[PDB]
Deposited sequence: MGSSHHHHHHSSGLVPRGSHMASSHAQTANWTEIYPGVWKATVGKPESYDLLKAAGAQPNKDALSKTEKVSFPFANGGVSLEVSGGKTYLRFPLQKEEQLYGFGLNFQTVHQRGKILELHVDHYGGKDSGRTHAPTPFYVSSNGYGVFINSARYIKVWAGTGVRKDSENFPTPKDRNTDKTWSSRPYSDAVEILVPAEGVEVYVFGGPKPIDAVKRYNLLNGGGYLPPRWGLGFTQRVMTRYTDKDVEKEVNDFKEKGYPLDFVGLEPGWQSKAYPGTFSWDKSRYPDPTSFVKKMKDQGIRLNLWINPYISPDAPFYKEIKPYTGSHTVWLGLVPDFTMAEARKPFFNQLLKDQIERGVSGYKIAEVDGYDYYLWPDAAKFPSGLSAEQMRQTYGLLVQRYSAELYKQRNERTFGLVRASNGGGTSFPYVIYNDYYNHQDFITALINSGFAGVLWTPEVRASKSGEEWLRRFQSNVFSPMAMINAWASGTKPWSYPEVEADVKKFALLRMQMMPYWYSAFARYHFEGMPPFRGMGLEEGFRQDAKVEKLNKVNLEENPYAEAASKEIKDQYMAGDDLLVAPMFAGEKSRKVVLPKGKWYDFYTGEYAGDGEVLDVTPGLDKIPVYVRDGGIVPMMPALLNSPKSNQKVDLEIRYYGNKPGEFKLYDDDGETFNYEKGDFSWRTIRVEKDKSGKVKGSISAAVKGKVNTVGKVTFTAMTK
C-alpha cells in the first residue's frame, strides 16, 4: 500500500524488493526541504485499476490509463517523445539506432499528460508495455469485430493500462502527483536530490583535443584560442594522457605529459581547467592492478579488468589513484566513457562479480557508480566538478555529469535533448566534425543552447574556426554562450533547488513535437538542420518575441520561418528576461563583479530570479547564496523600467552595474 512520504510523493513496497536498486546504487538523498515546499496534491490514481503482484519469480505492475492520456519518458529516447503504445525493455546500452529501451539512461520513470509520474526503483532490466495489452476482463474491452466483413477492424485494439514486468520477487515503486506533468518531474528530480549545482566554469566553452596531443600541443591550442578571441574554460584530454589506454593505467604518460603538475598549473594559471577521459577498465600496468584484481569481475572490457565498485576494496585503490595523481594536481573533472555498451564490448550478463551483484544490475548502474564516487572526491575538497558520462539511470539526477555519445544524427540529438527533461539526466548534442560549414554552424548553434557547449575533436582535430565559410558566426555563438552565462546559471540553480530540468519538451508549463525544446524558463528553441532553408515553429498560447530583434512573433500558432544561416530560431515568452554579462573569454572568478544587461522581451511585466554565489564551492550548502529578484516593464511612454532586489548582507555578491533593455520596440 501507498505511503505519502512527501507532499505529492507516494511509495509502495511490493513483495520482497532486492537489497540493491537504483537509489541505493546512486546514494541519492532526497531534498526534503524542497519537497516539503511543494503542494499537497491528491493521489493520482483515484478510481482503482492499480495492480501490484508478485508471481512466478517476477513483479507484475499495472497502472490505468484514460482515453485522453499521452505518456512521456522511459529514459533517453532519440526518435520518439510520445510513449503511449510503445513496448520497451529498459537496458543500459550505447544507442543503437532505434528506440527499444536500450539507451544511455533508460530511466524507469514515466510522466502522463494528466500530471502524474511513476518510478520503478529496480536495477534490473525492466519490460514495459505502455498501453498495448488488451485484457479480457478490462472495463474498456473493445467489442470483437469480424475482420472478414468489417472495415473498422483494428490491428491494434484499444489498450487501457501501462504494464510493467520486473524480474525480481518484489520492487519499490514511487508515484508523483501533479497537478501538471512538470510538477511530477520536479518531485521525481527532488527525490533524487535535485540536479547538481554546476560550477560557472562548467557552463563555459570546452574543447576536447586529439587523442595524441602532447602537453605542448595543448598549450599551443590554448594560445590559439586566446589569440583568436574565442572563449575557453576547460580542455578535454583524450586517451593519450594515459601511459596506456584500453585498458588504462590511470597515470600520466611520461613522453606526452612529462611534467603533469607543471602542465596542470600552467593551464590553470591561464584560466584553463582540464577534463580527463577515462574508461574504468584496468591495465596490468596500472599501479594498483595487483591490489584491485581480486575485486574485479570474471569478464574484461577491451582486455581490462572491471572493478566491482560496490566493494570498498575496489573503490579505495581506483579512486585513490585519481585523487593523488590527478585531482590533487588540479584536474577539474572527468569524461567517463564506455560504461554503456555495446553488448559485444561490455561484459555479458553471464559474467560474475565478487560482491555477488548480478552482472545485470552492474550493467544498469555502473555509470551511476562511477559518477557517484568520482563526484565525492571533489565534494570532500569543497570543490565543484562538471564532466561527461556515457551511461546513467534513475537515481542519477544529482550527479555532476552530462551524457554524450558516439552517435551523430542531428535530429535525433535534439530529440534526446527533449527527452533528457523527462529522464532526470542531462544530455549534450556535442559537435565533432561535419561535411559542410552549414552543418558545423547548425550543430554549434544547438549545442550552445544545451547543458555543455563543446567541440569534441578527439579524431577530427577541428576547432571552432575550422570552417571558414561560417567562422564569424561560430565565434558569435561562442561569445553568446558566455554572455548568457547568468541565464544558464540561474536555470541550473532551479534544477538543483527545485528539480526543474533546464532543457525540456513542449507543453510542460508550470501531436508530438520532436524538434523544439524550452531552454530555461523563457526560451523556446527550434533548431535548423543542414539542408533546410526553412522550418515550421509551433508556438504555445501566449505571446512570443524574436530572440534577436525583440519583435512580436506570434501567439498559439504555427510560423513558417526562414532564419538564415546566421540564426538559430529562438523565441522568448512575453515578459521574458535574459540577463547578459559581457562577452568574457573565461568564466568570472568568485571575487569578481560583473555587469549585467537585462534584456526584457514583450510588454507583460516580467520577473526573473537571478542566482548568485561563489560559483565553485559547496559553500551554498551552508546558505551562502542569494536569489536576486529582477523586475522589468515599460512605463506609460513605452520606456523600460527595471528593478533588482538588494544584495543580502554577508552573502557573495558578483553583480556589478545593472542596466535594462526593452527588446520589443
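Of the deposited sequence, positions 1 to 29, 540 to 565 lack any modelled C-alpha atom.
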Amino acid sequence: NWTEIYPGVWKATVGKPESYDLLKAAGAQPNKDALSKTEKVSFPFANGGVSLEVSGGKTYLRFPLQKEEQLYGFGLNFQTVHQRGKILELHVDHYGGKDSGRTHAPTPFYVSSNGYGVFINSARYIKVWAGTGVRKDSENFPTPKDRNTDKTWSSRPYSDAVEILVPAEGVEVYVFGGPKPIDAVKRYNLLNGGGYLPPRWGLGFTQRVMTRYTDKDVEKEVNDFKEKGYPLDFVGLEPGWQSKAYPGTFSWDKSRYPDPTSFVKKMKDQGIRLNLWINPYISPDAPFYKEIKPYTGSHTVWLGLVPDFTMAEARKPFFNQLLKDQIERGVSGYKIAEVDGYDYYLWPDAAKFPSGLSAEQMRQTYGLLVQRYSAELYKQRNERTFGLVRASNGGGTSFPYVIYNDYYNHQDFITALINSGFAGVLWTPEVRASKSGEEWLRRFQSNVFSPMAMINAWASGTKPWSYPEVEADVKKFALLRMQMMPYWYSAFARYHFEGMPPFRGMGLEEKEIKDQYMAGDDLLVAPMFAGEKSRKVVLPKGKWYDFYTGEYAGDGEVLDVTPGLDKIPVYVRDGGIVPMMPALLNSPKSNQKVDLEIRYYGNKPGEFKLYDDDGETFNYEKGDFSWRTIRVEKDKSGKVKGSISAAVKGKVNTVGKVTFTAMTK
From here on, numbers count along this sequence of modelled residues.
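The mean Cα B-factor in the deposited entry runs higher for 432 to 440 than for the other of 432 to 440 and 333 to 341. Looking at 167 to 175 and 410 to 418 together, the entry lists the larger mean B-factor for 167 to 175, computed on C-alpha atoms.
Highest CA B-factor among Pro157, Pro527, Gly387, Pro106, as stated in the entry: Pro157. By the numbers in the PDB entry, the CA B factor is greatest at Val594 among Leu276, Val594, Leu197, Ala391. Among all modelled residues in this chain, the alpha-carbon of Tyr366 has a temperature factor (C-alpha) in the lowest third. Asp150: CA B factor in the highest third of modelled residues in this chain (values from the PDB entry). Sort the modelled residues of the chain by CA B factor and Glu360 lands in the lowest third.
For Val50, the recorded CA temperature factor ranks within the middle third of the chain's modelled residues. The deposited CA B-factor of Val632 belongs to the middle third of values across its chain.
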